[PDB]
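Chains as they are written, first to last, in PDB author numbering: chain e, 9 to 83; chain v, 27 to 163; chain a, 11 to 344; chain c, 23 to 473; chain w, 43 to 91; chain d, 10 to 351. Cβ coordinates follow ideal geometry from the N, Cα and C atoms, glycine included. Remarks on the structure that follows.
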Amino acid sequence: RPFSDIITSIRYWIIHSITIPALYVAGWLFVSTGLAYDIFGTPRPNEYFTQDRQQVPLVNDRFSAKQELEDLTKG
Amino acid sequence: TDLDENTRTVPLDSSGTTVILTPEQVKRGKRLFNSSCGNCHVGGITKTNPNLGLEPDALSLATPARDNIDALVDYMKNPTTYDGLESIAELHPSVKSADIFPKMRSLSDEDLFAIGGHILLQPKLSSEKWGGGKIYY
Amino acid sequence: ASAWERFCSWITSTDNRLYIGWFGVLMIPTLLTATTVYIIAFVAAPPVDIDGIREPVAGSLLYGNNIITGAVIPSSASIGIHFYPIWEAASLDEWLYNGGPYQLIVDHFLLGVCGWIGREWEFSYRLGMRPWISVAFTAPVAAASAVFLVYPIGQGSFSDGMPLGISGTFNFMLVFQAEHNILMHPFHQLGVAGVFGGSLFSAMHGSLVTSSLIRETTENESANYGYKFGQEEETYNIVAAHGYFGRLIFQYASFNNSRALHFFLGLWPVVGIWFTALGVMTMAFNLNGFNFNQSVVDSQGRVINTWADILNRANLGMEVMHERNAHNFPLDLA
Amino acid sequence: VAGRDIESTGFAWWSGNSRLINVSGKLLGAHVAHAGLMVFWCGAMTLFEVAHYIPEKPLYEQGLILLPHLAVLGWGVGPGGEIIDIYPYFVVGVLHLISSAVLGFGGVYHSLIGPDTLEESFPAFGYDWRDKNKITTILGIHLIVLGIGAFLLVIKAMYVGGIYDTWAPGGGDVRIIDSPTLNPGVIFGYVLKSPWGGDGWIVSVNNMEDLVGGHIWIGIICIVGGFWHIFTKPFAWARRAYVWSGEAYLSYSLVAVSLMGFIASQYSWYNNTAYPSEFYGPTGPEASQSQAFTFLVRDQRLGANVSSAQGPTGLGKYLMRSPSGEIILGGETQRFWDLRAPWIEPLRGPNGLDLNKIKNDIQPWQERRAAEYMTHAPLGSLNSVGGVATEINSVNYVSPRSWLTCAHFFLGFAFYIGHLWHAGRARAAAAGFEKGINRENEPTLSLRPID
Amino acid sequence: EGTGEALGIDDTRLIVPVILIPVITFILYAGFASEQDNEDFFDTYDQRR
Amino acid sequence: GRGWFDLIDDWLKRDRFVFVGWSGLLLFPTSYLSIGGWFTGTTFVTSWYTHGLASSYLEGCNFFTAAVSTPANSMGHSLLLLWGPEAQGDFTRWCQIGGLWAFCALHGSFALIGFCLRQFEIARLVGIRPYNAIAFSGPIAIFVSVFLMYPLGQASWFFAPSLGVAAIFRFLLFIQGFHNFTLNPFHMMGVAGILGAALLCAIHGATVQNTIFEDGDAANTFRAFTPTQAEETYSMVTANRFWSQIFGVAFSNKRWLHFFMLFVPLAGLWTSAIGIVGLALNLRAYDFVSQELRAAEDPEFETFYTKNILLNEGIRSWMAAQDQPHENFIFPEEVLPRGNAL
Ligand code: CLA
Ligand code: CLA
Ligand code: CLA
Ligand code: CLA
Ligand code: CLA
Ligand code: CLA
Ligand SMILES: CC1=CCCC(C)(C)[C@H]1/C=C/C(C)=C/C=C/C(C)=C/C=C/C=C(C)/C=C/C=C(C)/C=C/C1=C(C)CCCC1(C)C
Ligand SMILES: CC1=CCCC(C)(C)[C@H]1/C=C/C(C)=C/C=C/C(C)=C/C=C/C=C(C)/C=C/C=C(C)/C=C/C1=C(C)CCCC1(C)C
Ligand SMILES: CC1=CCCC(C)(C)[C@H]1/C=C/C(C)=C/C=C/C(C)=C/C=C/C=C(C)/C=C/C=C(C)/C=C\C1=C(C)CCCC1(C)C
Ligand code: OEX
Ligand SMILES: [Cl-]
Ligand SMILES: [Fe+2]
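See below:
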């Protein structure tokens, strides 16, 4: 049925007064929990550098990349 | 790394005593530096006289040495040439010359302390950016 | 039945091969003068001291340039934006030393394109058709005035206008990026959207009109001959193209109305080029593109680079290397 | 719905105001409501500037654009362009904001409940776009009003407090302009001057006597012209040379106002008399010449003979000769040798910058001004990062001159585009082919083929 | 250049063309104008030439 | 219709809101996996371990500075499969070595393939000529030449265009500084095609909107068109007269006009693709040897070309240290090419 016919329907809004904010808040707790930094490996504001690692970290080998990544990301 | 106390400890006096700046102090110092002197001293340089920057090498080799909070704070009220023989209060922003430099009028002793803390804290953050100029932007 | 009336009828005549009109009265002499001086200066002209430091730059073919490197060099920085006609020079040789031909060509050409705008309106009026094709042409003229006139005015020197050459155009680009960061300036981004979208919509519209051409041609004959000039019927099925494009993306996106379609075609590139011309006009007065340099710092407060910083490195290289002998002081305020 | 839909008017909602062309009272309400919008913004914005104004920084460093106008008119500013009081700014703001209520009520009244057309209930105010005499009378009344405004500026400069002269003896100060220049050869000498470098046309006002005297001239001109148009009708040469419709009048106003926008943009960019550098900040030429002056003073202080110092290319590193021979500051400031500011004229002789004054008698305040104007050049980004494009994010600053110049150049170009649109449409609609080409009588098919 | 002469007229000779050529053009235009029906009209433009 | 293949074909080609088609089995997954991947990489994934940069909204970047940066240079031209010998199935390390760029690019290539196949399929089923699928070949050529063949000619995927805004600006200036790509005649032909296509779009829109026939009595003339009318809505003869007597030449044939509108941008894109393919192998129109020799022997010979060469040297030297961190370029201030003052 046509788009405007759905949007003005009350049932649409009984569904989406609850469904949309739920995931809008789910993203909030996804990042506020710090879970994104762990899934995607992104350094936090206090993880770009560390002791003996005041320089930029770079992977310099194709095949041992995981190995040096743990070595650099031991933290 | 966090803004630990190792970064926030800066020399206080000429003998060698240190002082640990608080996060409020460094925040206020950064804001005051950017508002009162950023126009000429953005990046630890001197736009009007690039021969004399704010990098720790220049401050240490100044007469008197300006690599400490008390010396910097005294410079902000009794500025002098690089050899400390002529007063340049009429050509430099100073709290004693705030009528002709209307940005120094509102600064208190704690504001001068925070500004000096910001100056001495900067070189700790980067190895060459503070006073390095374009080459390290 | 008066000589002035006959002259006005001839000028405003729709029987001349090329319409003159009253705007053409100003356009044709100005454009012809600009063309003549440009051709003469491009084939043969002495080097020009563009930067006002007695370091002439060659731009003419006879002085060791090709079509790619040739240019009519901008005026000397010593002149500034002072008016520099031939009669204000002690001699014609020193008129050519300080790049007077650039001033002549630019002034005559800007007046000529203004006359072209007006003449487009005029011959729209003589044929009884709607105006505003001229409004479409204002966008290129806006950009040309922005680069040739407004940028010298803001920066204060005709040396800063774009050179009338190909390599000089690239030089002006690189210096503009170094000094203003035009790429990060959102009006130039709107212009990039304008030209890319103009190409996209041109390709799309041509593809859909050519794709739904009504069969009016044999197999041993070009399809273009299926259309006869001045015919009354449409040469292609608007319904077929509209339905194909609706199935391609979704029905609502397609322009079922042809007049709205062509208004959008005329609107997107014209507005984009208006915006980028205005962006150059505003960076003439040093309202630069965005400066996100050192915008990300860690908890300690040390700068973590971004792509803005790496772009800044290229801008800084261009800044330091441009006009190596012209600057005596650290800031590039001029 | 009648007169407010496409069916009964032929105009869509997005050309909605085009449905006001022949509705005189509703159009009057539109104009009055929009004037209410203008005065509302003036009051609200200057109150915002007063609220955000800190007494430490100067006006130009705080992003303030409106309070400089009042300071130039001579309110709440002392010697040296130091803003001592900001209560008159508050008074102006509240007056504009309160007057906006009255103008908004009038506009909403005439738009919604007032008579649609004034031509039957108020024939004095009603009009037809094609009735040349009545439209000229309206134009003349407005010209008299503009002349009254010019004379209001004259009264302010001459009697009520006076205006801020940045060229005043000593430092710049608020002073009474007792002797404006009323010589036609000066006032209209400015109007016929060239716009190119060194001339500047009317942007090159270097004193307030010329400004006030030429405002007297503008007031006299406008009042005389208004009385001329009230008691006259357009002549035959004019009656055949114009399209006498509302859209044509709109296009004429649009082109005039676009020209004014360009001129005002360059006024804010180049002039430093009606736009003193102590309120609007340095001009670009001022900042560049200030950089050259600062480094001249520095190197002279360090033992260099600035007059005899040779730059990389053989030209003067600090001092050289302009193309006309005047001794001028060197480097890339050579293009800006036409700068004249109250802080640099003191060192200027008949033949340029006097070398004796430049060597022995540069005062400390000149060095301070040069440093301030160097560090506060008009350069900056859209997000307000002061300095060159390749600078770092520590200084938050764009000069008010850059904002005003860019905004008014933008609006001038936009209003030229609007003029082109509306003038073309006026011509097409008067001739009667603004809706399309008549399929019955197409002019092109009647024309003989070319080639 | 940069002297401030009105319309660039530094020599008085320059005025002779600047004033006369419009006057000859004005004289030629007057022959056209005098032939027109110069009474008023109530229209957006004059259709009478 | 009876057979299983016939049933699948019937369902895939159903006339619904979103046409699926057989090509949809290649387009919709990969395209989706591309776009969300970008939205993932530009939102959470970093370039700290590949470029030394922050490139996500999480790290603090905005829409301009956020990007899906290319892989590390040490990766070479690895396919960067999540199960490959580099990540070895670890999602976090995969994102950290910039394998998400490989994901986005390799899925985008097949998304472009699927969309061109979609254009062909819908053109066939609707029953029109397939000129729109051939015009998308231009964009396909741009993507293939710039994102696949260029890094495959260079040392690694690292030098591909990083998927962003500021990243693309950095790619533009990098290619200019290192290849002098503005001097490349194929780039010149491409920008000619692009600007000429924008010109054709603008002139055609204005001309059609301004030679419309009076098909109504409303000042707003959009409503005076019917989709199914068998009458041209604007005068080709009047437009031809206008442009012939204004510009000397003018289109007289609509079909030629609309093929030209197709040909100009497509030709531009293919020409510029030839130039970028040249740049993949460092076969660059960098210099005019005659002028280089003359300037070497004549220190007073200066052209705008030589100024551009100096600018390119500046770009290279001042950009290499931070743009190629894997090389560990330490250029002292002594060796950096500079000018007087600034
Ligand atoms: C400066 C802005 C401006 C102004 C002054 C006007 C004014 C006008 N427009 Mg509008 N218009 C504008 C912008 C503006 N327009 C824009 C941007 C668009 C594009 C969407 C339109 C589209 C448009 C259309 C399509 C039409 C008009 C029409 C009109 C006129 C009649 C209004 C009417 O009866 O509506 C009735 C409206 C209402 C009953 C809604 C309530 C509006 C209230 C009064 C606004 C509240 C204002 C303020 C808070 C009150 C302060 C009170 C004071 C005492 C303090 C009126 C003169 C009509 C016209 O031409 O008629 C002949 C018409 O058809 N306009
Ligand atoms: C562009 C401005 C404008 C114009 C042209 C008109 C025109 C009109 N209005 Mg008015 N009107 C306006 C603004 C305007 N209005 C505003 C701003 C408001 C809101 C306050 C109103 C509110 C309004 C109402 C409520 C009504 C009208 C009506 C009318 C009509 C009759 C006017 C009349 O009888 O005057 C008579 C004039 C006067 C009474 C004014 C006398 C002067 C006083 C004492 C002020 C003196 C000021 C002084 C000289 C200024 C010194 C300047 C110094 C600071 C330099 C007429 C069509 C009437 C109408 O259409 O009825 C259907 C009507 O009822 N108008
Ligand atoms: C808002 C202002 C305004 C407007 C809209 C009009 C409108 C009109 N006036 Mg004018 N007029 C005005 C103010 C105005 N007047 C004033 C203040 C005076 C002085 C008393 C006059 C004196 C006047 C007279 C004596 C006559 C008109 C007439 C006319 C009509 C013809 C205009 C024309 O063709 O000009 C043509 C303009 C020119 C040929 C050029 C103008 C010359 C100046 C000096 C140019 C100088 C160069 C300039 C500085 C260059 C740069 C400008 C830059 C902004 C682009 C028209 C109805 C005529 C009419 O029919 O009256 C009944 C007529 O004879 N007006
Ligand atoms: C978004 C809309 C917008 C905004 C917010 C502004 C804002 C501004 N414009 Mg404007 N402007 C706009 C659109 C806008 N403009 C457009 C579209 C154009 C056309 C292109 C212009 C063209 C324009 C010009 C030409 C100029 C401005 C200027 C200005 C500034 C001053 C306003 C002023 O006082 O005007 C003038 C105000 C009036 C005409 C109202 C009447 C004033 C009376 C008569 C003054 C009485 C004074 C007297 C001393 C009082 C005391 C009397 C007694 C006690 C003695 C201000 C920043 C000025 C500026 O600084 O430019 C750089 C300027 O010169 N604007
Ligand atoms: C003095 C100022 C002035 C006045 C009184 C009018 C009056 C009118 N214009 Mg407008 N116009 C102006 C300035 C003015 N114009 C300028 C400066 C331009 C050039 C940009 C135009 C361009 C224009 C067009 C193209 C058209 C009109 C039309 C009209 C009529 C209806 C407009 C309407 O209802 O809009 C209602 C308002 C809206 C729908 C809101 C739109 C807001 C836009 C989208 C925001 C701005 C976008 C973008 C930043 C602009 C870039 C411009 C570029 C040149 C830089 C009405 C007679 C229309 C008409 O029917 O004429 C008879 C018409 O077709 N005008
Ligand atoms: C339209 C569908 C489609 C397409 C064309 C692709 C294409 C691609 N994906 Mg995949 N992908 C898809 C859907 C799709 N994907 C979906 C829905 C998901 C989400 C679950 C993913 C998730 C995903 C990830 C996480 C990754 C890819 C990657 C890839 C690339 C590597 C493919 C590869 O080598 O896989 C392996 C080969 C195949 C899958 C083909 C199978 C062929 C037959 C059916 C096997 C038969 C078995 C045989 C009999 C076994 C006998 C044993 C032995 C002797 C042979 C390639 C661009 C990689 C990439 O982009 O790296 C940068 C990558 O890491 N994709
Ligand atoms: C007294 C004081 C002391 C300290 C500071 C403080 C600010 C608080 C100050 C108080 C000031 C006060 C209360 C000021 C009051 C001002 C008021 C109420 C101003 C209102 C002005 C009204 C205006 C513009 C109306 C204009 C309306 C227009 C065009 C409407 C447009 C429209 C119309 C007409 C028809 C179609 C719809 C559309 C387009 C919306
Ligand atoms: C990535 C990856 C790795 C391995 C396997 C796996 C299948 C998971 C694979 C694929 C993952 C996929 C496809 C994930 C899906 C993620 C997607 C689709 C993310 C997209 C998110 C969209 C976003 C933010 C949109 C934001 C939009 C904005 C602001 C719009 C701005 C606007 C607003 C807010 C108001 C008006 C103006 C304007 C400009 C329109
Ligand atoms: C007020 C002030 C402040 C600072 C000091 C200063 C001395 C400058 C002082 C004085 C300023 C003065 C006196 C300014 C006066 C400005 C003047 C008189 C400007 C003149 C503007 C005139 C213009 C555009 C005329 C253009 C008219 C045109 C096309 C008319 C129409 C037409 C004609 C003529 C022929 C072709 C067809 C068409 C288009 C119908
Ligand atoms: O000349 Mn052309 O250019 Ca615009 O900046 Mn300053 O001066 Mn030079 O420098 Mn960078
Ligand atoms: Cl310099
Ligand atoms: Fe078409």
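- Output the distance between the C-alpha atoms of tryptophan 239 of chain c and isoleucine 170 of chain c, rounded to the nearest integer angstrom. 12 Å
- Message: I'd like the span of the beta strand (DSSP E) that includes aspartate 195 of chain c, first residue to last.
- Response: 195 to 197
- Task: Taking C-beta pairs closer than 7 Å, name the residues in chain e that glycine 85 of chain d reaches, listed in chain order.
- Result: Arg70
- Please find out if some non-hydrogen atom of ligand 9 comes closer than 6 Å to the beta-carbon of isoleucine 21 of chain a. no
- Query: If the cut is a Cβ gap below 7 Å, which residues of chain c does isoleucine 126 of chain v touch?
  - Reply: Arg390
- Item | Cβ pair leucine 193 of chain a, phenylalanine 178 of chain d closer than 7 Å | yes
- Where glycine 225 of chain d meets chain c, residues with beta-carbon distance less than 9 Å: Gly32, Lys457, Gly458
- Task: Would you identify the three-state DSSP class for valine 258 of chain d, choosing helix, strand or coil?
- Result: coil
- Would the region 223 to 230 of chain a and the region 431 to 441 of chain c be scored as touching if the rule is three or more Cβ pairs under 8 Å? no
- Task: Note down, in chain order, each residue of its chain lying with its Cβ closer than 6 Å to the Cβ of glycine 248 of chain c, except the 5 sequence neighbours on either side.
- Result: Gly162, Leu165, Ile166
- Query: Can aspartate 170 of chain a be considered in contact with ligand 10, in the sense that its beta carbon sits closer than 6 Å to one or more heavy atoms?
  - Reply: yes
- Determine the direct distance from the alpha carbon of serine 209 of chain a to that of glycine 201 of chain a, and round the result to whole angstroms. 12 Å
- If the cut is a Cβ gap below 8 Å, which residues of chain c does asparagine 104 of chain v touch? The contacting residues do not exist; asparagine 104 of chain v stays about 17 Å from chain c at best.
- Can you tell which of c:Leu69, c:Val417, c:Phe112 has the C-alpha that lies nearest to the C-alpha of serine 403 of chain c? c:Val417
- Item | Touching by the beta-carbon criterion (3+ pairs, under 8 Å), the region 73 to 82 of chain c and the region 288 to 308 of chain c | yes
- Message: Please identify the residue among c:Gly96, c:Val114, c:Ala445 whose C-alpha is closest to the C-alpha of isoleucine 106 of chain c.
- Response: c:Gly96
- Query: To which residues does DSSP link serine 56 of chain d through a beta bridge?
  - Reply: d:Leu62
- Cβ of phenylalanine 284 of chain c versus every heavy atom of ligand 5: is any distance shorter than 6 Å? no
- Three-way DSSP call (helix, strand, coil) for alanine 76 of chain d in this model: strand
- Task: Check the Cβ-Cβ distances between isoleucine 131 of chain d and every residue of chain a, and say whether any is below 7 Å.
- Result: yes
- Task: Go ahead and label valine 124 of chain c buried or exposed: buried means 16 or more other beta carbons lie within 10 angstroms of its beta carbon, across all protein chains shown.
- Result: exposed
- Please say whether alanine 448 of chain c and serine 273 of chain c have beta carbons closer to each other than 7 Å? yes
- Message: At a CB distance below 9 Å, what residues from the region 282 to 311 of chain a approach chain v? Give them in sequence order.
- Response: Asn303, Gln304, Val307, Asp308, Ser309, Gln310, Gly311
- Paired residues, beta bridge with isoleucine 283 of chain d - DSSP: Partner(s): none; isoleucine 283 of chain d has no beta bridge.
- Task: May I ask you to report which of helix, strand or coil DSSP gives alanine 91 of chain v?
- Result: coil
- Message: Applying the 10 Å Cβ sphere with the 16-neighbour rule, what's the burial state of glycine 107 of chain d?
- Response: buried
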